[PDB]
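**Q** Here's a structure for you.
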Amino acid sequence: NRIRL
Amino acid sequence: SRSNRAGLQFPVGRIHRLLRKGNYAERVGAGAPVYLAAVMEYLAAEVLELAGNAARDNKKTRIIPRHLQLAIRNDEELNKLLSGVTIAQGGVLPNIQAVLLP
Amino acid sequence: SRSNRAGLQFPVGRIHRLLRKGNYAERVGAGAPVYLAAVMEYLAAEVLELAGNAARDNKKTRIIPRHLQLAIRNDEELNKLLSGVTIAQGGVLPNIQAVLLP
Amino acid sequence: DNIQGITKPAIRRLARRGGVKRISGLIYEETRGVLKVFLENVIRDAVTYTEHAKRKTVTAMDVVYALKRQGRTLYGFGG
Amino acid sequence: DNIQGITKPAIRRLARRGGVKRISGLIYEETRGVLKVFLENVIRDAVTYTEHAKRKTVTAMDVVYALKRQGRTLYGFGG
Amino acid sequence: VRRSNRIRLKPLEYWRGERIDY
Amino acid sequence: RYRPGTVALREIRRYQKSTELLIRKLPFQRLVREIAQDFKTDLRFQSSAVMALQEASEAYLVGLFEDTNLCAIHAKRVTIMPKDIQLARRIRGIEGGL
Amino acid sequence: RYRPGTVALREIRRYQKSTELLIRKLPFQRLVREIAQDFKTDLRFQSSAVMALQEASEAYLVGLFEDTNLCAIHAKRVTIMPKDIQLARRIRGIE
Amino acid sequence: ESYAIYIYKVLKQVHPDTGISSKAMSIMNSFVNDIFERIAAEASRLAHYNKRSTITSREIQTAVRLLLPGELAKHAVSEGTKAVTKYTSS
Amino acid sequence: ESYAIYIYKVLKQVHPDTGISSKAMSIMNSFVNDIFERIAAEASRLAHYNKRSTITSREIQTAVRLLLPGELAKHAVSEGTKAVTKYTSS
DNA sequence: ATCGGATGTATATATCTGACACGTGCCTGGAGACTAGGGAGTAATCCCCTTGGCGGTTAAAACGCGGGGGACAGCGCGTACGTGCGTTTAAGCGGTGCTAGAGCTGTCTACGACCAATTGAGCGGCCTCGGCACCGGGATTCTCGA
DNA sequence: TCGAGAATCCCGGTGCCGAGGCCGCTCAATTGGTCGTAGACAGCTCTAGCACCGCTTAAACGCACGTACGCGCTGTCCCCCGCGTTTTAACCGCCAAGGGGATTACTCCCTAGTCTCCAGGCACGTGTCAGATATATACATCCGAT
């Protein structure tokens, strides 16, 4: 659920 | 079992002996191998999940080294961790400099 | 004594204890602490000698951090060894680029 | 405000020891950046060691353990 | 003689993966240099591990132990 | 009554310069 | 009958996309033999052991070319010269090529 | 009545020869205090602990300026610009 | 004597449909080992600093905060904390 | 609890005339420690590779050849070999 | 290219401070002497796999000839950084004072090492198959000379 | 902006072998005990880090000035790219030897573990001389003039 696309 | 009581896939029992025979301390705690097993499994899951979704868009159902490379080198937090290590036959991310284009 | 029987200055007895309590292995050899004591003493001698020679050129009889810095950074093998380490208040070797001179 | 505690001639002489001749204007601001970044990384690990030791006072050895834990090993303050 | 075993287009395409456009002529010889230098350092450490194991045959793990002992950690051949 | 010596050089560079062999 | 530099771009993206070894296996095979001969004579290499050398070698070289190219562009030129490679290693430090 | 750049060289050799800290003691002390506030509140620093920060920081910067200058000269110029600082860090790698 | 069978179990949880090649399996196996020793050494080195002869969950947790960058360290700690608390009852 | 008194003995050997400041003494003391753990860890890691539970003179020697760069490793081995052989008969 | 004027810098000397060096008393860590376990040296084994030969296929390395284009030297415009001097800001020194908290010590409780008997998770070996490499052929996309 | 030409993407068929699921078979993990001590814990000692007052002045700030350096642009050219042809030899599949990794079976001997004993090495005083400090001065460098 972190930074992603 | 212990790993089943830990709700983890990674063997807490095997990890526990490794902190003993690995010569890290005289007395290794009881919760220590459980905690470490939860961190290892998480990171393993974190890579596999990012690799697999990156593998399915490539229309392949088997994860190959290129997929792992694409997963790690495209995540800020992950890439920094595995900065010094190079994945065998993983290739490199397609990057072309700006001033090299017409 | 043992270090005196070894013909060394560095305490073979103390080093033997550190290799034991330091958790590097279960069984530490008998010759192992002696061998390591001779290597440490040698490198210490190698550095100190170059430091003193760098101290005699500064007209000083007391070795200061500056002397140590000058010694290490002028020897290939020493500088390569202590590459990652930085000497506190040792300064830097006087180096001016060619194209910066009149 | 306090990051400006370090001054322009302070950075200017740091570059002299580095052996440079002419220094641009934007350098001084860029240098403040890498300095605050460097301090952040070291102190973060340093405080982390301090907190693990159940102490409210950071010590020299804590900074050494932090610096040495990222290729910036330092001699003179313990080992 | 054997260092010339690797070829010009071999080096040429290695630089393509590196993302370069135009490659000079003296590059190919310079590249052979750093390759022979890199291999020497790795093999020296690798053979050193092999000799300590009282063996005349270098194994994959020996190369891994050598590579990992100088910031060049390698995944894929054991761990 | 003193101490011995070895073969010392200099920074000796690299990236273009020589490496030592025997 | 294209243009000087067009094919250059074509080979870049086709190799970055691939993971295949860019150097021949057998010439590299005997290359490791010679270098190891100086340290110890009559040595044997596992089939995977040589691959380990080849993977790390190519990986290092590709990484080096990237830093080299960055130095080249910084010098307002698009062609890499030994002048760039040498500087790239110096800035990398000791651990970074020695 | 000297020349633009002559005194610059004189200051180079005068600082390389010395081992004195090039940054002020007191501003750097409270600077470390501020940075530490984000990680933990109400912290105390040993007299040697702050000095340890100043030594490593200054040493790193000087080392960084050296690599920077080489990039500057590589662009056939003698003046260092932020373009050089950024590139110097990229080539150095991580940590 | 590896983690081969465990990484496959974790894979099927996050992705029951996809599989993994043997070469990539070795890579992931080298990964969890390189993660293991990296944390273990740091935890051992941490206890040595405090003159403690025991590695515990507290050492492992602090080691995570030192190694893992930032956004990863937080979740890693939580995943670790939850596990220990599971082993307090059952 | 340091090597302060021993480095001074070695100092008088290479240079009986000159002395050393407390700051430089601390540097040299941090040096021999950084040399100790670096070799000890490598030697420990070396025996672990060969599944041996004993660190011996043979492991330490191999560690020297791995850490110490050329020409320094050779003399270091000789200095070590000379020491061991003296404590073998006496 | 030569010269004196002007600025900074290395050099000789003298005084003055404080930190290094040596001293002693004390204690606890290392040397002696002894026993016993078991890791390791040692010999003999099995057989894995590394090395080396012939020989055909052909992908790829080598060679050469244009010629577009980028490396390179020159050079003209001009902003901007260096140099210097005067005004201004706080660092530095030291002095005094409180108290948070590093450091230490003596409790005794909880915890991991330890051993042994047990057994199921996990490694090694074995087919089985369908994902993927291989391929050929047509749809699509990017490049390039008037 | 226009179309011709060459590459890459893509759609579907066929064939190959590696990955995935089964199966004995250990042997390492688990259970359930007990023993000993590392460490959680509370009280105490006091180092030292913090904070304000106030004098000195080294150092930072701001400003005016001139030059040489950054940078843009035009010129030259030679060298590296692109292409077609010839040449090399990597690649692959096969067969064959035996060096030596991996293995195992015994048994020696080297090291951990202890108690006692005492001296090596720590803390901590005590005095002095190397060196920080200052100043007057000879010597080394830059710079404008010619």
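Lettering and numbering for the structure tokens are positional, with chains as A, B, ... in the shown order, residues counted from 1 in each chain, and ligands counted from 1 in the shown order.
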Could you please tell me, as a ChimeraX atom specification, which residues of chain C have an atom within 12 Å of chain K when using only C-alpha atoms (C1' of nucleotides)?
**A** /C:1-3,5,11-17,26-29,61-63
**Q** Stretch 12-78 of chain D: which residues are strand (DSSP E) by DSSP, as a ChimeraX atom specification?
**A** /D:22-23,57-58,73-75
**Q** Please, which residues of stretch 31-82 of chain G, numbered as in this document, come out helix (DSSP H, G or I) from DSSP, as a PyMOL selection string?
**A** chain G and resi 31-39+47-74+82
**Q** Should the cut-off be 9 Å, what would the residue list for chain B against chain G look like, counting only C-alpha atoms, as an NGL selection string?
**A** :B and (65-66 or 86-97 or 99-101)
**Q** Tell me which protein, DNA and RNA residues are within 12 Å of residue C:60, counting only C-alpha atoms (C1' of nucleotides), leaving out same-chain ones fewer than 5 positions away, and put them as a PDB file with N, CA and C atoms (P, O5', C5', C4', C3', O3' and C1' of nucleotides), in the first residue's frame.
**A**
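Listed below is the output, result-v7.pdb:
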ATOM      1  N   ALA C  51      54.758   7.993  10.085  1.00  0.00           N
ATOM      2  CA  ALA C  51      54.245   9.159  10.789  1.00  0.00           C
ATOM      3  C   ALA C  51      55.387   9.951  11.411  1.00  0.00           C
ATOM      4  N   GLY C  52      56.300   9.239  12.064  1.00  0.00           N
ATOM      5  CA  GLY C  52      57.454   9.857  12.686  1.00  0.00           C
ATOM      6  C   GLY C  52      58.339  10.554  11.672  1.00  0.00           C
ATOM      7  N   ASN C  53      58.519   9.920  10.517  1.00  0.00           N
ATOM      8  CA  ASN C  53      59.296  10.511   9.434  1.00  0.00           C
ATOM      9  C   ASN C  53      58.611  11.753   8.880  1.00  0.00           C
ATOM     10  N   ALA C  54      57.284  11.771   8.958  1.00  0.00           N
ATOM     11  CA  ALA C  54      56.504  12.927   8.539  1.00  0.00           C
ATOM     12  C   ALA C  54      56.465  13.972   9.648  1.00  0.00           C
ATOM     13  N   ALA C  55      56.846  13.553  10.851  1.00  0.00           N
ATOM     14  CA  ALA C  55      56.891  14.446  12.002  1.00  0.00           C
ATOM     15  C   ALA C  55      58.228  15.174  12.062  1.00  0.00           C
ATOM     16  N   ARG C  66      47.774  15.254  11.925  1.00  0.00           N
ATOM     17  CA  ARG C  66      48.233  15.717  10.621  1.00  0.00           C
ATOM     18  C   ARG C  66      49.346  14.824  10.078  1.00  0.00           C
ATOM     19  N   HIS C  67      50.242  14.397  10.964  1.00  0.00           N
ATOM     20  CA  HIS C  67      51.348  13.526  10.582  1.00  0.00           C
ATOM     21  C   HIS C  67      50.831  12.179  10.087  1.00  0.00           C
TER      22      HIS C  67
ATOM     23  N   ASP J  17      62.906   8.486  19.741  1.00  0.00           N
ATOM     24  CA  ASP J  17      63.080   9.913  19.987  1.00  0.00           C
ATOM     25  C   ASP J  17      61.756  10.676  20.018  1.00  0.00           C
ATOM     26  N   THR J  18      60.867  10.376  19.076  1.00  0.00           N
ATOM     27  CA  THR J  18      59.602  11.098  18.970  1.00  0.00           C
ATOM     28  C   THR J  18      58.508  10.519  19.861  1.00  0.00           C
ATOM     29  N   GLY J  19      57.495  11.337  20.131  1.00  0.00           N
ATOM     30  CA  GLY J  19      56.350  10.919  20.917  1.00  0.00           C
ATOM     31  C   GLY J  19      55.071  11.073  20.118  1.00  0.00           C
ATOM     32  N   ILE J  20      53.928  10.935  20.781  1.00  0.00           N
ATOM     33  CA  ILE J  20      52.644  11.011  20.092  1.00  0.00           C
ATOM     34  C   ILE J  20      51.583  11.716  20.941  1.00  0.00           C
ATOM     35  N   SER J  21      50.815  12.598  20.306  1.00  0.00           N
ATOM     36  CA  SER J  21      49.756  13.332  20.990  1.00  0.00           C
ATOM     37  C   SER J  21      48.588  12.415  21.338  1.00  0.00           C
TER      38      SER J  21
ATOM     39  P    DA L 130      61.670  18.999  24.701  1.00  0.00           P
ATOM     40  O5'  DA L 130      60.638  18.736  23.507  1.00  0.00           O
ATOM     41  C5'  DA L 130      59.663  17.705  23.626  1.00  0.00           C
ATOM     42  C4'  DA L 130      58.294  18.192  23.178  1.00  0.00           C
ATOM     43  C3'  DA L 130      58.264  18.928  21.841  1.00  0.00           C
ATOM     44  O3'  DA L 130      57.065  18.608  21.141  1.00  0.00           O
ATOM     45  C1'  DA L 130      57.529  20.380  23.569  1.00  0.00           C
ATOM     46  P    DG L 131      56.764  19.252  19.700  1.00  0.00           P
ATOM     47  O5'  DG L 131      55.806  20.490  20.026  1.00  0.00           O
ATOM     48  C5'  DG L 131      54.580  20.277  20.717  1.00  0.00           C
ATOM     49  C4'  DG L 131      53.882  21.594  21.005  1.00  0.00           C
ATOM     50  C3'  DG L 131      53.727  22.525  19.800  1.00  0.00           C
ATOM     51  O3'  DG L 131      52.464  23.170  19.850  1.00  0.00           O
ATOM     52  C1'  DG L 131      54.882  23.644  21.506  1.00  0.00           C
TER      53       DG L 131
END
**Q** At a cut-off of 10 Å, which residues of chain L touch chain B? Count only C-alpha atoms (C1' of nucleotides) and give the answer as JSON, numbers by chain.
**A** {"L": [19, 28, 29, 30, 38]}
**Q** Go through chain J and flag each residue having an atom no more than 12 Å from chain K; for those, report the closest pair of atoms plus their distance in Å to one decimal, using only C-alpha atoms (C1' of nucleotides), ordered by chain and rising number, as a Markdown table.
**A**
| residue | atom | partner | partner_atom | distance |
| --- | --- | --- | --- | --- |
| J:1 | CA | K:29 | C1' | 11.4 |
| J:5 | CA | K:21 | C1' | 11.6 |
| J:8 | CA | K:21 | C1' | 11.0 |
| J:18 | CA | K:20 | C1' | 11.8 |
| J:19 | CA | K:20 | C1' | 8.6 |
| J:20 | CA | K:20 | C1' | 8.3 |
| J:21 | CA | K:20 | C1' | 7.2 |
| J:22 | CA | K:20 | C1' | 7.9 |
| J:23 | CA | K:19 | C1' | 11.2 |
| J:25 | CA | K:20 | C1' | 11.3 |
| J:51 | CA | K:39 | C1' | 10.9 |
| J:52 | CA | K:39 | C1' | 8.3 |
| J:53 | CA | K:39 | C1' | 7.3 |
| J:54 | CA | K:39 | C1' | 8.0 |
| J:55 | CA | K:39 | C1' | 11.7 |
| J:56 | CA | K:40 | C1' | 11.8 |
